[PDB]
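Fold and contact review
Here is how the chains run, residue by residue.
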Amino acid sequence: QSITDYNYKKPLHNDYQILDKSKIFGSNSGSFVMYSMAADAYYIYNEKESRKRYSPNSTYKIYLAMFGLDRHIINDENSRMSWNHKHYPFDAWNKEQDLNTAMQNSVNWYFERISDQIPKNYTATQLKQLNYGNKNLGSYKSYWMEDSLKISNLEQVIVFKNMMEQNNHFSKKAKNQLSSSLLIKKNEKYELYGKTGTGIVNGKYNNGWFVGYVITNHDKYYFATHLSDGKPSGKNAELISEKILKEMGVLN
Ligand SMILES: *C(=O)[C@@H]([C@@H]1NC(C(=O)O)=C(S[C@@H]2CN[C@H](C(=O)N(C)C)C2)[C@@H]1C)[C@@H](C)O
């Protein structure tokens, strides 16, 4: 919208390492960013591309979930919402949800129902305090889905780390509840948490995301993959993330 809504230009005041992950990306285009808690250091593939701002799509469900927890729209005894009986083309959407099922199955109406209860001024205050991308709410409708709100791959990592790790106004209860909703994989070596996002424009994939974090016995890593071309799906961003985290030794 304005001159700075498509790119993030704030200098990293941290140690950083440039990665070459181009063979894993293959025919796809985009970037990968990871932050290590123990190192206080960023590892970035395609640094320029990582600072380009894009619609967060379903990754913004992270923040809607936190806002809904923070405003007591949902809690830990009850995060249930009944289905209004509108038929969706996905059967997982056609039923009652809780935060866990809605996050896992990316059920838009659940998060839309949350967003409708949140006053615009509260969201504006949150996005400022979080430094969330361009902070642009536009018409405040489904503003996180191929609309005015945009955020870069680099910012996805920085903003999520800061939200979760700083002592701020979100409670520990809310952060823990959001975390359980994001858990994908847990074994002896690691816990993998995250959320895919896909933007569909004219039936075509336009924008793929996977934003998350890994807890190991030694460290905690925040990461994000964005795809802008090739086959830019959430599914493919997740696959690419997994192979990169593996190569880097984060999953082992
Ligand atoms: C979020 O970005 C969108 C929805 N989220 C995702 C995603 O997680 O990447 C998809 S893609 C895929 C298509 N149908 C699947 C589904 O909903 N179920 C199997 C239950 C997920 C959506 C397109 C967007 C609409 O905000």
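Notes on the structure follow.

So, the overall build of the protein chain
In terms of regular secondary structure, the protein chain is built from nine helices and nine strands. Taking 18 Å as the expected radius of gyration for a compact globule of 252 residues, we find that the protein chain reaches 17 Å, a close match to that expectation. Its C-alpha atoms put the protein chain at 45 × 45 × 35 Å along the principal axes. The proportion of buried residues among the 252 residues of the protein chain is 52%. In the protein chain, of all internal contacts separated by at least 6 residues, the share reaching a separation of at least 24 is 66%. Total accessible area computed for the protein chain in this model is approximately 12600 Å², and 45% of it derives from carbon and sulfur atoms. Looking at the protein chain, you have 33 positive and 25 negative side-chain charges, and the mean spots of the two groups are 2 Å apart.

Some words on the pattern of salt bridges
Enumeration over the complete set of coordinates arrives at seven salt bridges. A salt bridge links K52 to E49; the nearest nitrogen and oxygen atoms lie 3.7 Å apart. Given a relative accessible area of 30%, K52 falls into the partly exposed group. In this structure, the salt-bridge partner of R80 is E96, at a minimum N-O distance of 3.7 Å. Of the two residues, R80 sits in the loop between helix 3 (61-70) and helix 4 (99-104) while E96 sits in the loop between helix 3 and helix 4, which places them 16 residues apart along the sequence. The class of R80 is partly exposed, set by a relative accessible area of 47%.

Quick word on the side chain of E155
Checked against the element boundaries, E155 lands in helix 7 (residues 153-165). A relative accessible area of 3% means that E155 is categorised as buried. Excluding anything up to four places from it in sequence, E155 contacts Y8, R53, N131, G133 and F160.

Considerations on the packing of aromatic side chains
To describe a pair of aromatic rings, one takes the distance between the centres and the angle between the planes. Under the defined criterion, the tally for this structure stands at 21 aromatic pairs. Centroid distance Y88 to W93: 5.2 Å. Interplanar angle 55°. Geometry classified as tilted. One exposure class covers both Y88 and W93, and it is buried. Above the ring of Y122, the side-chain terminus of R71 is found at 4.8 Å from the ring centroid. The ring of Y35 carries the charged tip of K161 above its face, separated from the ring centre by 4.8 Å.

Structural notes on the site of the ligand
Lining the immediate environment of the ligand, one finds 13 residues, of which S58, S106, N108, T196 and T198 sit closest. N105 has a polar backbone atom sitting 3.4 Å from an oxygen atom of the ligand. Note that an oxygen atom of the ligand is positioned 2.7 Å from one of the side-chain N or O atoms of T198. Summarising the interface, the protein chains cover 72% of the accessible area of the ligand, which totals 570 Å² for the free molecule. The cavity where the ligand resides is the largest pocket. Looking at the shell around the ligand, the element that brings in the most residues is strand 7 (residues 190-201), giving five residues. Here the residues of the shell around the ligand sort into four nonpolar, eight polar and one charged.

Topic: the packing of helix 3 against helix 8 (residues 172-182)
In contact at an axis separation of 10 Å, helix 3 and helix 8 are set at 140° when each is read in the N-to-C sense. The chirality of how helix 3 crosses helix 8 is right-handed. Mapping the contact onto sequence places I62, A65, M66 and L69 in helix 3 and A174, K175, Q177, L178 and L182 in helix 8. When the residues that make up the contact of helix 3 with helix 8 are grouped by side-chain class, the tally is seven nonpolar, one polar and one charged.

What counts, and where the lines are drawn
Residues numbered from 1 in each chain as written, not as in the entry; some residues may be left out. Heavy atoms only, no water. Helix = DSSP H or I, 4+ residues; strand = E, 2+ residues; numbered from the N terminus. Rg over C-alpha atoms; globule rule 2.2 N^0.38 Å. Buried < 20%, exposed > 50% of the residue type's maximum accessible area, 1.4 Å probe, protein only. Contact = heavy atoms within 4.5 Å. Areas by Shrake-Rupley, 256 points an atom, 1.4 Å probe, with all protein chains shown as cover. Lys, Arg positive; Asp, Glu negative; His and termini not counted. Charge placed at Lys NZ, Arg CZ, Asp CG, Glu CD. Salt bridge = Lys/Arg side-chain N within 4 Å of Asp/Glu carboxyl O. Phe/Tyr/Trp six-rings, centres within 6.5 Å; stacked < 30°, edge-to-face > 60°. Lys NZ or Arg CZ within 6 Å of the ring centre and 35° of its normal. Near = heavy atom within 4 Å. Polar contact = N/O pair within 3.5 Å; in protein donor to acceptor, adjacent residues only side chain to side chain. 1 Å grid on protein atoms, 1.4 Å probe; cavity = no way out; pocket = protein on both sides within 12 Å on 5 of 7 lines; lining within 4 Å. Sits in = over half its atoms within 2 Å of the grid points. Nonpolar A, V, L, I, M, F, W, Y, C, P; charged D, E, K, R; others polar. Axes fitted to C-alpha atoms, helices over the stretch in contact; angles between N-to-C directions. Left-handed = near helix turned anticlockwise from the far one by under 90°.

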